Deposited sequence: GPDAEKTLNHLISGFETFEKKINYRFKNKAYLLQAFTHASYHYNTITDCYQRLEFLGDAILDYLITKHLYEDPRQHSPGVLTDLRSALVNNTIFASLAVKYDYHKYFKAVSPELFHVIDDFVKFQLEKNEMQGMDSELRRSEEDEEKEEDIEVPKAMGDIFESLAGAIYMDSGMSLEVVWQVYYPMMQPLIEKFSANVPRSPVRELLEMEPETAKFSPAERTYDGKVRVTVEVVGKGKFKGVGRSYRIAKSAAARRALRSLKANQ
């Protein structure tokens, strides 16, 4: 008999919905999100794997919409590093356990749990390297996103309401700690008080540019593109004025 097999299965999820602050209308989405493959007891939904897939795309689109909107207005080279370091099944996974995803994880695997656990313990100790990683726990951070979306009528903002909070901090500590895109570093630096020459091309076919400043004189950049010539000019500048 179904309708009750289920309550059986979601007993406890009460806290989890509390912890993450969201409340599932179809609880079956919750459960599935969390049903691994080895959990041969659940016969009423698919494992979460199909919601893992979906969820990726979402977190992607999102962490990306994010990084790209950052007023730090990153260079595109650092954007793909940042994208790459932030979407990352190992990060996803370290969030899940920061968030207890592993307390409601449904599977059959002692094997897997000593892992999952040796893994959980590492994370927290660290929090006042060589430690292997429970793939699945990035995998469910994904799935849930899928789950929640599918719950809210496919709402991106909703999923974001929930998940921002969780990465917001990580995302932020990554970015402060990068290459200050040097034009922006210093359009910011000296606002309307630094000026950029038209672009002018060169004998070995590169673009060159030149920056003047407030009685701090003028610096001269070169590179194979404008964007680059520009920052190279900025970079030599940025240097002086320290």
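- Counting the deposited sequence from 1, the stretches lacking C-alpha coordinates are 1-2, 131-148, 263-265.
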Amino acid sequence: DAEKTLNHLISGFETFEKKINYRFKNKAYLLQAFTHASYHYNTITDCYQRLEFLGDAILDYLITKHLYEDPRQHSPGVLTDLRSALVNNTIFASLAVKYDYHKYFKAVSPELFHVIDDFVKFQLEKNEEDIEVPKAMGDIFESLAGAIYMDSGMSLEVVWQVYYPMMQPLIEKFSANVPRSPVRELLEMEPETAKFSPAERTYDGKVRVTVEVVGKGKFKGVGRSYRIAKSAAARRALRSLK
From here on, numbers count along this sequence of modelled residues.
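- The stretch 130-138 shows the higher mean C-alpha B-factor when 130-138 is compared against 156-164 in the entry.
- According to the PDB record, 204-212 carries the higher mean C-alpha B-factor of the two stretches 204-212 and 54-62.
- As recorded in the entry, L124 carries the highest CA temperature factor of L124, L144, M150, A96.
- Residue-level temperature factors show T193 in the highest third of its chain, judged at the C-alpha atom.
- When the modelled residues of the chain are ordered by C-alpha B-factor, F119 sits in the highest third.
- Annotation for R224: CA B-factor lies in the highest third of the chain's modelled residues.
- Ranked by Cα temperature factor within the chain, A33 sits in the lowest third according to the deposited record.
- Per-chain ranking of the deposited C-alpha B factor places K230 in the middle third.
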